[PDB]
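K.L.:
Task: produce atomic coordinates for the following.
(chains A, B and C, ligands or ions: 12)
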Amino acid sequence: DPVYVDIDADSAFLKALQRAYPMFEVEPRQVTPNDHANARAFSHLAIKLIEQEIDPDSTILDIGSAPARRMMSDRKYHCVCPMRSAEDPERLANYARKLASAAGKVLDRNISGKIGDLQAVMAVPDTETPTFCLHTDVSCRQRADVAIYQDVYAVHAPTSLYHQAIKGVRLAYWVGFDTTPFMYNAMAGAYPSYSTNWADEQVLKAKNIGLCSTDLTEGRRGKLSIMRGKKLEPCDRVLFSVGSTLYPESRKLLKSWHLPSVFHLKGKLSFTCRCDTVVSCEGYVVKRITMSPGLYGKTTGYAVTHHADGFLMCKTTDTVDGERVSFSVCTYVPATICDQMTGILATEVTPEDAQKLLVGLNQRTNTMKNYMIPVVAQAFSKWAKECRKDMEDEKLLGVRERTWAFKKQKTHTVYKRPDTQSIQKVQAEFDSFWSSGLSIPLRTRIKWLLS
Amino acid sequence: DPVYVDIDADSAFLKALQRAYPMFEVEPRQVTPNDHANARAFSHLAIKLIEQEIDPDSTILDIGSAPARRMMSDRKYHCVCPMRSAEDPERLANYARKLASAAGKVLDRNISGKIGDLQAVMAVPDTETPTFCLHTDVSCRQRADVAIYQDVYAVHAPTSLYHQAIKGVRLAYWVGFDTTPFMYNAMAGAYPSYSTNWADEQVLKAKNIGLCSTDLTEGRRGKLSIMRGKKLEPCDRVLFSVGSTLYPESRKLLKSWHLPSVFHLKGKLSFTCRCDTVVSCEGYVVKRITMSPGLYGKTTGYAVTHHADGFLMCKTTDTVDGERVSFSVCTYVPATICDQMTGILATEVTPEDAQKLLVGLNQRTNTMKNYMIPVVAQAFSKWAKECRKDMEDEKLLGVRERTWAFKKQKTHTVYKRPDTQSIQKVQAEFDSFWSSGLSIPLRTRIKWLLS
Amino acid sequence: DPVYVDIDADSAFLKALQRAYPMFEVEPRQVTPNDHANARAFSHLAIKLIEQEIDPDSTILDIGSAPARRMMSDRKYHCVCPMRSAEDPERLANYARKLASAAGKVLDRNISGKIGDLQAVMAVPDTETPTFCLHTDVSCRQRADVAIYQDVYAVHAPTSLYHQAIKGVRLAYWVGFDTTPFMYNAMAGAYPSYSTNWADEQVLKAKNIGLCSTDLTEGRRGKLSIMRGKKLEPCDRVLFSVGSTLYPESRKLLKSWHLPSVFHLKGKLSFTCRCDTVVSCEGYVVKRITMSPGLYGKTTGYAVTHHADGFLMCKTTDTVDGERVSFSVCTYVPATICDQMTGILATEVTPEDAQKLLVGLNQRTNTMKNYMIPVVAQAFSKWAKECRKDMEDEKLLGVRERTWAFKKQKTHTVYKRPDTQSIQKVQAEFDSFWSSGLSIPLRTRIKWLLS
Ligand SMILES: C[n+]1cn([C@@H]2O[C@H](COP(=O)(O)OP(=O)(O)OP(=O)(O)O)[C@@H](O)[C@H]2O)c2nc(N)[nH]c(=O)c21
Ligand SMILES: C[n+]1cn([C@@H]2O[C@H](COP(=O)(O)OP(=O)(O)OP(=O)(O)O)[C@@H](O)[C@H]2O)c2nc(N)[nH]c(=O)c21
Ligand SMILES: C[n+]1cn([C@@H]2O[C@H](COP(=O)(O)OP(=O)(O)OP(=O)(O)O)[C@@H](O)[C@H]2O)c2nc(N)[nH]c(=O)c21
Ligand SMILES: Nc1ncnc2c1ncn2[C@@H]1O[C@H](CSCC[C@H](N)C(=O)O)[C@@H](O)[C@H]1O
Ligand SMILES: Nc1ncnc2c1ncn2[C@@H]1O[C@H](CSCC[C@H](N)C(=O)O)[C@@H](O)[C@H]1O
Ligand SMILES: Nc1ncnc2c1ncn2[C@@H]1O[C@H](CSCC[C@H](N)C(=O)O)[C@@H](O)[C@H]1O
Ligand SMILES: [Mg+2]
Ligand SMILES: [Mg+2]
Ligand SMILES: [Mg+2]
Ligand SMILES: [Zn+2]
Ligand SMILES: [Zn+2]
Ligand SMILES: [Zn+2]
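P.N.:
Residues are numbered from 1 along each chain as shown, chains lettered A, B, ... in the order given. Ligands and ions are numbered 1, 2, ... in the order given. Below is the structure:
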């Protein structure tokens, strides 16, 4: 009846968890000092909900699985495991160890069958078994009706979904960090409730952002090099830090999962699909996708995000490896603070006065993490100013003055308040869509572990 | 005896719901975190009331139905389902699944007959059954006495009503968002109690409205393009966001449902009709229409709206894709705030002082959503000013000075106070009024689901 | 069920210990006045956790052991003991004494076997026994599955790990002081919670750092020596003081244990490895390393540190042997103090006012040790100033001005706030990897002690 999560009983994240999963009874039971506890707790509850939603005797494809996390479940999982990351062999060895440990003490689960399939696959690397295989997403041959993607950021979404659809899958789920900041094309950012920071590779030698390192210096004027940098814009490669765990990512693949409300997959067979967000908690989301044969209706190409807390994007000035530059940074702000700043932002306010007001509101325990307070205070200060200028240059209704050129105004802050929506135009019609990789020493090690 | 709605027990919308449905006992019972909960609750109670109002052994046509929502009812529904939207196939599959799940556990409803009709229709796409068919509103052949339209915005109202009338229907209902803002021809707007925002397609790159997105820039003066925009007025296509769900709409079809108090349908057969509003709650309404054979009385062509809370329309200045422009926006204001601003608006007040007074009245929990407070403060400030000028240029009774031209004055705010009425002139006499579309893969899928 | 540590019942370090080991019940029981009690307590709890984590019937290699600390354990240890430090013979004699004392009173442990192996090794210095040998890390011949390094700072990490891996070891642990300050290349520093200070050999005659000594003088202007010092930068040799115990160290070997998240060992056999931090307490850490045969994935070469309290590096001015100079110093600051200085650092503050505010916050018992307060007050004062200048010289978005030279700015303070991360680039692919030393008088002494 109750669900247990490994967090401190005094934490303030438990209230947000209980608000996001009202159909469960959430109890804290802390056993480790893990520095990314909140993310693990959210993922655990998400899988509980998804299992509650679907029916038994249905076969489930787990794309890019970590098998040891599915071993005590009663449903029917087929784990797809290619070996492409440096962390995979340790996960496989953990699976074998946990299988061997519990082999005559637990008899409610297909333990003997799981062991048999693991040994069979170790014998011949190119066979499909009910519970385990060694292919990718586009070369597995098992047929199923449901697919699950959990923290998978390394595939192009439409191609992968088409290859699941032609095999009979009608329903899919995706669990992960919200993709909205990468649609606005920010240079660096934070997910403060989850102790997570991310940055573009070009700014890792900055000074005052969440993820960076630099040195002391006295400052020399020469630095004479004939190269022309002259231009600093975002590039493909990005670095993520979740607590103290590091992961590299690609902007193109992250953007590909920011799907519109309805879309068409037009291949040899054809499908009509829709995508909607069913859980949203302070930057972490769950998405549900359904797919149907044939072509119906028409598409517009728009994707919408609903903001329950505030979302901010702003321009900032820093030194990178000693040289002063400007670039854009993004973050999330709790709704109670946003509501309490409404009156103050009616006038022009300096950054230093906004900082003191925010500190006054925060400290009572803290509602929001202190290291982001300065950059927020700057952004609010600019936003207010840009509103006043708008009211002081009033235009005539229904008319654009384009004397034959028109001027563009400055914009240094974007601020989405609680209960507003972002909307962006993306592609909505798609028509353009194996070697073993295992080694004998690892096979011998796994065989030895099982026996 | 009590009705259950999926909302939080602490919400302030429950008081308004209880006020709008005094004949029921409304109890909150929350099971999901749905971000458009209030709209779903209002629709559920509306259907309960309509069923209470009419008598059994009457056959009901459900136009543009979602059949799974009618499956546990005891009345006799005929669901009209063409397949014209990208969301329809998923709704059909949900219907088949829910039918198969409950087939020997529920015996108070025509479950076996419903399954039989679904299979019969899948066999031959061009047959009418008691419970289900695949035609449009103007090509269904079933005869009935009542018709229901629930959240249907895609048909021209007089043509549809005439085609129901010539089949013997004498009573119809319509449930939906209030059409008044589109009669005033606003560019964008909000329904704040339902977490809903809407906008014209031409202003989706604005900065400070409910539904928009834009970018950071430094501002270049060139932007040299020889096109002459020169003119910015509303056009047909509009976008709606209900929580995080997106829907496109057409202005012409929305205006067509803003019907006068009495009207005539003059075809081969003739009818006399009247329309009145029976439920009104913070922007959501229920309308009741009766139709009778023959021609009686005379028409004027006026349609009236009664305001229980305040309604505002005003001019605002923003930047769209970097360029500064002006346009009109509309919203609703709670009656207690309107009553508490009566004394302050007797003098000239600046926008910045009005904003601080409104914040003082709001925060005690919030009576009204904070993101609309600035634009309201501006509107009130203009309205007061325009009243003072009127009192300072007094005319003579019963005389128009038209020396031979007359001048028109500025008008930047329209404000309808609680207990006033809007009135508009519209048309009141009308005299000017099929392929399958299903696919074999979907038919096979549905057949498989039923078995 | 409870674990006992030799600390005062009134100490404030017990709360931090209980926070870092939530799976235990920690009770204070003081028996000695030891001036490095906190470090010993942390090491004791770390070994308890590691033993809890792994399974029995596994053989454990203890690299650079002190055997008397393993004698009352139930697991199977093989202690590797070369004789390379001046403290080793006393540890060996203590082992022999404690073995002889308990030889018929304790029968749950392999006491008789331990004595037999000690005598056998004393007889022939070049034999391996289950419990004891006299080789180094790269010349021991025993085969095992787990390795442990406890307070070992004298080996090059990749070479040592490769030599364990080719013998079948799959899992290793490392316990020690955090290596982050030596990656930033500081000249001197402190670990204040553990009563520990360290310094470069060139600054041991300073005046106001943690570890130093100097003299009184009147000051003569001559000091004429023709040598050109002219340049003061860190060199390899460093001195550590833990309470009143002194240890010399090498910068190269300390840096070698600051390992990236994944790496490859490419020799005659090949391995893929990953490293992560599982316990972190105010400057003391535990690291866990896993190794697998074969080559999988790809590497980036980045190492990340997560900051739960604040970390500071700053420039300071002192006199060394009478001559005034400047150099860099580093330290740790508790999170509550950092959070309480957020509002004050929005403006420019002098060092003398920051010192008085910090004293006000500290004294209530002390949260932080007083001897570091002046140097912290200076650092904060500089950091604030450098932030203001950044906001006063704003650049254009996306552009570097390199008119053809660019200027570098001054940087006198680096400040990592709670919940941020450091990231550094290090090597991630490695492909480049005995005499007795005992004496007859010592052998005779040990033989006499055993009998
Ligand atoms: C695989 N993966 C996981 N995460 C997140 O980072 C956290 C670490 O995920 P993990 O896979 O490193 O956790 P592990 O299986 O080692 O078990 P644990 O250490 O006991 O939790 C997870 O909680 C995820 O939310 C991830 N985040 C990003 N950006 N990219 C990834 O590939 C990725
Ligand atoms: C079909 N439709 C529904 N709405 C409103 O938008 C909401 C979403 O309606 P929905 O049909 O998307 O809800 P669904 O059937 O998926 O079930 P739910 O997600 O569990 O509620 C409804 O509550 C309606 O009030 C709609 N609003 C507009 N503007 N246009 C539409 O066509 C339309
Ligand atoms: C062997 N060693 C130990 N330490 C730390 O310094 C402390 C003294 O370690 P110790 O080995 O001198 O303690 P001893 O075995 O004499 O027993 P005790 O005096 O009763 O505790 C330990 O608690 C370690 O944390 C050490 N610190 C450094 N820098 N270098 C070392 O080689 C080293
Ligand atoms: N094309 C592909 N098809 C299937 N899996 C892939 C893939 N490309 C990468 N992967 C796998 O995706 C995994 C992501 S990390 C593992 C995430 C896992 N589901 C969890 O919950 O912890 C990696 O193990 C990697 O091997
Ligand atoms: N001309 C027409 N006649 C009947 N239905 C139509 C129609 N044009 C569109 N529709 C249908 O109207 C529906 C509107 S969305 C479905 C609303 C449904 N009554 C509910 O309560 O959820 C779509 O399914 C669409 O297929
Ligand atoms: N190459 C090497 N291989 C194994 N041990 C070594 C070594 N070089 C130095 N050592 C040993 O490492 C020890 C470090 S001091 C002893 C630390 C001990 N593990 C404890 O907990 O107290 C010294 O005794 C020294 O003899
Ligand atoms: Mg981990
Ligand atoms: Mg929905
Ligand atoms: Mg000692
Ligand atoms: Zn497979
Ligand atoms: Zn019909
Ligand atoms: Zn040995």
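
K.L.:
does any bit of stretch A:77-84 sit next to chain C?
P.N.:
Yes: shown here: stretch A:77-84 in contact with chain C (CB under 8 Å from any CB of the partner chain) through A:83-84. Where you see a C-beta, it was placed from the backbone N, CA and C, and this is true even at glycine.

K.L.:
Can you point out the buried residues in that stretch?
P.N.:
Of the residues in stretch A:77-84, those scored as buried under the neighbour-count criterion (16 or more other CB atoms under 10 Å in any protein chain shown) are A:77-83.

K.L.:
Ok, stretch A:277-290 next?
P.N.:
A:277-290.

K.L.:
same check, this time on stretch A:268-277
P.N.:
A:270-275, A:277.

K.L.:
As CSV, these with secondary structure would be great.
P.N.:
As requested, those are arranged in CSV below (DSSP: H, G, I helix; E, B strand; the rest coil):
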residue, secondary structure
A:270, strand
A:271, strand
A:272, strand
A:273, strand
A:274, strand
A:275, strand
A:277, strand
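
K.L.:
what about residue A:162, which SS state?
P.N.:
Residue A:162 - assigned by three-state DSSP - is helix.

K.L.:
I figured it was touching residue A:271, is that so?
P.N.:
Yes: proximity of residue A:162 to residue A:271 meets the contact threshold set by CB atoms under 8 Å, at 7.5 Å.

K.L.:
between the two, what contacts are shared?
P.N.:
Taking CB atoms under 8 Å, 6 or more residues apart in numbering or on different chains as the contact criterion, the residues that touch both residue A:162 and residue A:271 are residue A:265.

K.L.:
now for the buried residues of stretch A:277-290, which pair is the farthest apart?
P.N.:
Longest distance between any two of the buried residues of stretch A:277-290 is 26.4 Å, between A:282 and A:290; criterion CB to CB.

K.L.:
still on that earlier bit, just the closest of the buried residues of stretch A:268-277 to chain C, please.
P.N.:
Checking the buried residues of stretch A:268-277 against chain C with CB to the nearest CB, the nearest one is residue A:277 at 27.1 Å.

K.L.:
Chain B next: which of the buried residues of stretch A:277-290 are close?
P.N.:
Contacts with chain B within those, counted by CB under 8 Å from any CB: A:277, A:279-280, A:290.

K.L.:
what about the helices in the stretch 1-150 of chain A?
P.N.:
Shown for the stretch 1-150 of chain A, the helices assigned by DSSP state H, counting those that start in this stretch span residues A:13-20, A:37-53, A:88-101, A:111-123.

K.L.:
report the angle between the axes of the third one and helix A:111-123?
P.N.:
For helix A:88-101 against helix A:111-123, the angle between stretch directions is 140 degrees (axes from the mean of the first three to the mean of the last three CA atoms, to 10 degrees).

K.L.:
quick one: contacts for the residue in chain A that ligand 11 sits nearest to?
P.N.:
Using CB to the ion, the single residue of chain A nearest to ligand 11 is residue A:296, 19.6 Å away. Shown here is residue A:296, whose contacts under the criterion CB under 8 Å, 6+ apart are A:272, B:83-86, B:88-89, B:437.

K.L.:
Next: residue A:321.
P.N.:
Counting by CB under 8 Å, 6+ apart, residue A:321 makes contact with A:205, A:214.

K.L.:
ok, now how distant is it from residue A:233?
P.N.:
Counting by CB to CB, to the nearest Å, the separation of residue A:321 from residue A:233 is 17 Å.

K.L.:
What of residue A:55?
P.N.:
The spacing between residue A:55 and residue A:233, counted by CB to CB, is 49 Å.

K.L.:
Does stretch A:414-434 reach chain B?
P.N.:
Yes: applying CB under 8 Å from any CB, one finds stretch A:414-434 touching chain B at A:414, A:417-424.

K.L.:
just to revisit the earlier point, any idea which of the helices of the stretch 1-150 of chain A gets closest to ligand 5?
P.N.:
Shortest distance between ligand 5 and those, using CB to the nearest ligand atom, is found for helix A:37-53: 20.6 Å.

K.L.:
about what we covered before: dump the ones next to chain B among the buried residues of stretch A:277-290 to CSV, plus distance to ligand 4 and secondary structure.
P.N.:
Listed next are these as CSV, based on distance: CB to the nearest ligand atom, whole Å; DSSP: H, G, I helix; E, B strand; the rest coil:
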residue, distance to ligand 4, secondary structure
A:277, 20, strand
A:279, 17, strand
A:280, 20, strand
A:290, 22, strand
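
K.L.:
Just give the number of residues close to the residue in chain A that ligand 5 sits nearest to.
P.N.:
Per CB to the nearest ligand atom, the residue of chain A with the smallest distance to ligand 5 is residue A:297, at 8.5 Å. Neighbouring residues of residue A:297 were enumerated by other CB atoms under 10 Å in any protein chain shown; the total is 15.

K.L.:
wait, what's in contact with it?
P.N.:
For residue A:297, the contacting residues are A:262, A:272, B:84-88, taking CB under 8 Å, 6+ apart as the criterion.

K.L.:
what about 6 Å?
P.N.:
For residue A:297, the contacting residues are B:85-86, taking CB atoms under 6 Å, 6 or more residues apart in numbering or on different chains as the criterion.

K.L.:
what's the spacing between it and residue B:107?
P.N.:
From residue A:297 to residue B:107 the distance is 37 Å (CB to CB).

K.L.:
Would you quantify the distance from the residue of chain A closest to ligand 11 to residue B:183?
P.N.:
33 Å.
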